[PDB]
Structures are given as C-alpha cells and as structure tokens.
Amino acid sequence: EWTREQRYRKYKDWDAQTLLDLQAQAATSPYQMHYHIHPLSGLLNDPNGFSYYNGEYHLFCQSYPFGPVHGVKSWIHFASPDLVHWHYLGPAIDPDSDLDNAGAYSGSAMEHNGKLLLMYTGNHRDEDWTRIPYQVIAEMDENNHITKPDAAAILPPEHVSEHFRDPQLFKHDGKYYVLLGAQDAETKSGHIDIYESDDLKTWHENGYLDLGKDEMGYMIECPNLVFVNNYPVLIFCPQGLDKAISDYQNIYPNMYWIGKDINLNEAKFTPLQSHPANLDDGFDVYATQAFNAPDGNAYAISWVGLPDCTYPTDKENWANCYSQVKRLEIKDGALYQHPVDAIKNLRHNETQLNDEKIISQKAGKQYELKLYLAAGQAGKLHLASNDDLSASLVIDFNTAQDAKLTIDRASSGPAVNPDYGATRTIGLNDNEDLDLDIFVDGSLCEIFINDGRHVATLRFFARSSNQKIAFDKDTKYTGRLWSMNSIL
C-alpha cells in the first residue's frame, strides 16, 4: 500500500511526534520480543557490521524507522559485552549523501589501526531512478562517532548488473579482501565477487568465486566467509536458487556451504559438502551475518523476516526482529549452531521435568524449554497453546522407524505468508534419541535440534492467553523449563 514516493520521503520530512508515537507502538506491542533485538520503530532487517571493537561486541542493523516497509534505509547501532545484553547507540549511517541517497544498504565492520571501518553499499538512484551501487568505506572511532568519505571505494564494474552489494571486508593471508554479492550482467546469475587490496585504497578484481558449474540463483545477497574450526564456511542468500540444488520452502533461502579450503587470490573454493544446505530449517531466517571474534569463535546472527513477505504485525506499524547470536561449529561435516553461554543469565524459575504430559498450564511469553526424548516414540509437543491443543505451535515428532520433525504453525494464530507453507520438516535418524532446546520470546520461536545440528526459527502470533505447553500422548522424556527475563 505504500508508494515509492512514501518509501523514499526523507527522514527530515517526517515529524518527531509521529516517530515518538511509532516507538511507543512498537515497544508496547503484545507481540514484541523482549530478549531479542527488535526495532525501536518501523522495520528492521539485515544485520550489519557485526564485530568486536573497542572492548565490546558491536552490531548494526538495516532500519526504516517510520513503518513496516522497506523505506529508505539507514544503519542503527547496538553494542554488548556478551552478545546477549544489547544497548542502543542510535543511528549510525543515514542515506544523507549522493553515494547513498536511496539507502545505506548492508555491509560489514573491520577493525583497522584503532578505528572500525564500516564498509557498506551506497544505494544510489540517479536522475532517472537508475540504481548505481557504490561500495563505501566509512570510519567509526572509539566514541562510536562515524565519518563518511566523499568518494566510493569500489565503483560498479562493467560485468555486473545494478545488483552488486553487501560487502564483507576483512584481513586474510596478509592482505585485505572484499566479498560482494553480484549478478552477472550477461547471464543474470548470482555470484560472490572477490576484491583484494594491500592498502585499502586500490582494489583489484579477482573474479567470481568458483562455486561450481551450476547457477547459484540470479543474485547472491549478504555473502559471508567465516572460518569455523579452521574450515572456510560461506553463508549467503542465493535468491532464485534452483530447488534441485537444495530443498527450501522460504521465498528466498539463506544457505551455508563448508569448504575444505578457499583461495581468494585464485577465486577457488574446494567444497567439503557436495551441496549447500539451509542454515535454518524454519520459516523466517534471512540475511544472516557472521564474523570471527577475538575469542577464537565464529558468531552469526540472523534477520528474522523475509523480503517480499508480510506479517500480522504490519498493522502495528513495525516489523521483524533478530535471532539470538549463534556460535558456529563444524561437526560431522555439517554446520552446528549454539546459543552463546551468556544467554543462560536470562534463566529463572527453573522447573525439572520428567514424563509430565502437561509441562505448563501457562508458561509466560518468554521461556527456554530444554528436552531429551527417548528414541522409539511419536507424538506432538504443543507450545503457546490453548487448553484443548487446537491452537498452538506444533512440533510433531517421530523418533521411531520414520523419524522426523514437522513444525506446524497453521493453528498458532493468523496465517503467516501461507503461500510458502504452514509446515517445515526436518528429517531425523530413525530409532535415535532427540534433544530440543526451544526459546520462545513474544512472536519469536527458535528450536535448536539435536544439540545444534539443526535450527528452526519462526514468527508466530498467538493470542496472549495461549501459553500452555503439553504433549498430546504420554511421552517419555526429561527436561527443564526456565522463564527468561526481559532485557530489551
């Protein structure tokens, strides 16, 4: 319903009373998250500049503060000591210059000689509304104050279309690299384009990273390389990916691909996995960003929200939130994802669980449910449920001869992008035990499966009185239920 004109009206052409009203509307929503990052107002999307700098973790965010739509984008800024307790540092990069006049699009952060370089795509629209993407290196100092250059670091080359964006800047092998999402101008295929520099002033093209002969969609958004247990891992968003390469049910997938090795100078990637895999088996994770932290861990955080999609909270004038931070691990040839240790600080009111069918008549809106379920069983676990289990988030499990998990949100509340399905299925190994570590926060659910082997993340919109947690059958299991304190 918003016009192009309305989406690109400048922030100075909105009044401050409207913005204050919008902050109240977002914060007091009955569906707001309160231990995950959420917009102060308007729409949140792609994590940006995820980093460690000046003694704390930093995280920036694509933001449009005036409504539940992809209006003209800015970066806003959060920091944390522990990847859990975030505090707001305000807007960081506005669409206020020629280079980014129609948006400060996504990007990354790299420490350099005591400053934090923020490299991002200036979404420029020229006099005719032709998009010209510019790669810009801004600079943040130790007071979190940001300066912008007057000139781009990388001008759009001839071989790419208008889609050329989301730079990842980092140091590796003694030099500087930039990875960019790209659509080839002639084939219209998605690529990760490689740039290298020895000084950050002159950039050299190394070409598209060789991901094999098969096309990777028509565009790759938000490319990421991180080293996880010494393996090069790609995390990226290949829009239009052929489902023959990998199944997925979201409108656009967020894939990962573990390599045995990578050579950015020669644009070479030796895959460990024969195929890329879904980072998240759920309903809503997109634009995930990751970085290698000084503590030797690789951390990732996801936008929970999909482009070209809508949500029942749209009428509340705000949209989406972030996943919790996930610590990455390579195990058995796959990517595992784990809650960070600090998230346990939110826990309180611990309850021991052993075979009780009804886990809680009324669990609250914020909790962590950690379960161990014996092999050889089938049933349903209902979350955010009414009393008779007819309206809930359903985890339909089988740990017996056709083992699998089906997550079904159809009955949880109003429909959520139903054209892309009300269920998601995760295959399980037959006759094996099952672990679940389930985080519920307002209209967000995160289901960590078999100790991080799979993660299923989703929005759901249950009426506030639907807070029951219960199995439908007598189920043999042990577990713990904790309330989780509001911090955001």
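Heads up: residue numbers just count along the shown sequence, starting at 1.
- Here 254-262 and 76-84 are compared by their mean Cα B-factor, and 254-262 comes out higher.
- Looking at 384-392 and 113-121 together, the entry lists the larger mean B-factor for 384-392, computed on C-alpha atoms.
- Residue-level inspection of the entry shows that, of 243, 370, 163, 409, 243 has the top Cα B-factor.
- Of the candidates 349, 320, 289, 239, the one whose C-alpha carries the top B factor in the deposited record is 349.
- Ranked within its chain, residue 423 lands in the middle third, by CA B factor from the PDB record.
- When the modelled residues of the chain are ordered by their C-alpha B factor, residue 486 lands in the lowest third.
- For residue 404, the recorded CA B-factor ranks within the highest third of the chain. Only modelled residues enter the ranking.
- Among all modelled residues in its chain, residue 377 ranks in the highest third by Cα B-factor.
- Remark: residue 299 belongs to the lowest third of its chain, ranked by C-alpha B-factor as recorded.
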